[PDB]
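Read the structure below first, then the notes.
None of the figures in this text is laboratory data; all of them are computed from the coordinates on show. Positions of Cβ are backbone-derived with ideal geometry, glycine not excepted, and every protein chain shown enters the neighbour counts.
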Amino acid sequence: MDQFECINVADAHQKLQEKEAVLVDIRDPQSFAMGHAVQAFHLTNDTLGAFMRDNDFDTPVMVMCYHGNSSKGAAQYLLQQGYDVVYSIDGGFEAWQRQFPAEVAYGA
């Protein structure tokens with residue numbers, strides 16, 4: 001579709017558990033390594049080319065950032081590239097870690 005949607009972390013977690021959507025994290029690499037959601041792919045302009053080759057445009061994509069702000073612009077960017085089902089995760093990593101502290105991974 002031609003718009004992206006904002007979702008909360010409980011919704012995102014459920015989609016992930018059901019294997020319905022993939023999760024990308026657009027934060028800087030240092031913050032990513034300090035802690036990220038399990039199964040998050042670190043998506044940057046450099047890793048985008050690989051991401052696109054590896055995830056067809058019909059793949060639902062959920063975008064996480066620091067707080068839920070930059071993920072909106074990144075989600076819109078992905079729609080513009082051809083993705084049809086894109087979400088921005090309200091609250092970002094802060095919300096993820098608060099709700100799901102046992103589902104945090106470290107490093108790359």
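Some notes on this structure:
- When the Gaussian network model of the chain links Cα atoms closer than 10 Å, the mean-square fluctuations of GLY35, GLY68, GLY92 top out at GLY35.
- Taking only the Cα atoms of the chain, the ratio Rg/Rh comes out at 0.92, with Rh defined as the Kirkwood radius.
- Most mobile of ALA74, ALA33, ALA50 in a GNM of the chain (Cα contacts under 10 Å): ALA50
- Value of [θ]222 nm, deg cm²/dmol, for the chain, DSSP H segments ≥ 4, -39500 (n - 2.57) each, nearest 500: -10500 deg cm²/dmol
- The 3J(HN,Hα) values that the Karplus relation (6.51, -1.76, 1.60; θ = phi - 60°) gives for the range 80-97 are, in residue order, 4, 6, x, 5, 9, 10, 9, 10, 10, 8, 4, x, x, 4, 4, 5, 4, 4 Hz. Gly and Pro appear as x.
- Summed residue charge, Cβ within 14 Å of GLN80's Cβ, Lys/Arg positive, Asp/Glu negative: -1
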